[PDB]
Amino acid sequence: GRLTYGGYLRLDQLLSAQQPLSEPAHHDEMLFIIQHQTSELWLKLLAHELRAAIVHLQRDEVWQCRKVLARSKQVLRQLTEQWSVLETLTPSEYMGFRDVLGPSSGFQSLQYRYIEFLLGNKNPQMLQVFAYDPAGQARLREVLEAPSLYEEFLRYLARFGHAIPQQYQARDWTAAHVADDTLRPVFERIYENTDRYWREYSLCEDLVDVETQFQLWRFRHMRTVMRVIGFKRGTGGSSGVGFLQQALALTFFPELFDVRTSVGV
């Protein structure tokens, strides 16, 4: 039933989801599949924890929010650390089964896109790649139309008297957040008196930690791709490494990094 080790974990279903396509079977295809499936499981947990962080923020539950963010950091760290396994996959080995993948690519990862949206990097154009899946497409639209984790943090600050612009109370959440210079003084005050604003200070650093770890994931991702396919165009239709290098330019919480330039000045 569900009380046995295997039944509780639904291993019959979990361990029958590895189906290589190369023929004859290529030894390194199992790594390729498992590498992605373990990542998808972590992404599922990450989304589970991040959704809870949003709820805690909405309810002004600071320590609870920090607790779930701490676990979120550990999950992102595992996702980043595991690239080391995939780096044992050489070009010689990969070219032995890359053709079986067809046009598929990471662009079609619904969970990854969900997390990107939740963190704030929204792009309604991505909903298109999931047209074949209206159900999943609907789930992406939901987070797309709701305030991001960052925006909820701003709304939290607003509830406590911080000089947060009125637009953050209600606006087109489907639009990706744009750097807001008027928020600079808000964060300067926090960092200039950490003893008083220790709650806000703690959350600011947690978000910086989360974004930094995410960028590290993006960087290791890019470097792994570079050592596997080099500068070949991707199966998804992009330039490959070039496109992944541009992703490193994206920022989730720009004001948190920009405030550094004026702190203590």
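In this text, residue numbers run from 1 along the sequence as written.
Q: Taking only the other compared entries that model residues on either side of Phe243, decide whether it is unmodelled in at least a third of them.
A: That residue is missing from at least a third of the other compared entries.
Q: Using a one-third cut-off over the other compared PDB entries, is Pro185 one of the residues left without coordinates?
A: In none of the comparable entries (those modelling both sides of it) is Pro185 left without coordinates.
Q: Comparing 236-244 with 52-60, which has the greater mean CA B-factor as deposited?
A: It is 236-244 that shows the higher mean C-alpha B-factor.
Q: Identify the stretch, either 73-81 or 142-150, whose C-alpha atoms have the larger mean B-factor according to the entry.
A: According to the entry, 142-150 carries the higher average C-alpha B-factor.
Q: In terms of CA temperature factor as recorded, identify the highest of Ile164, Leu119, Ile190, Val100.
A: Across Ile164, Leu119, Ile190, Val100, the entry lists the biggest C-alpha B-factor for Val100.
Q: How does the C-alpha B factor of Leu9 compare with the rest of the chain: lowest, middle or highest third?
A: Lowest third of the chain for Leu9's C-alpha B-factor.
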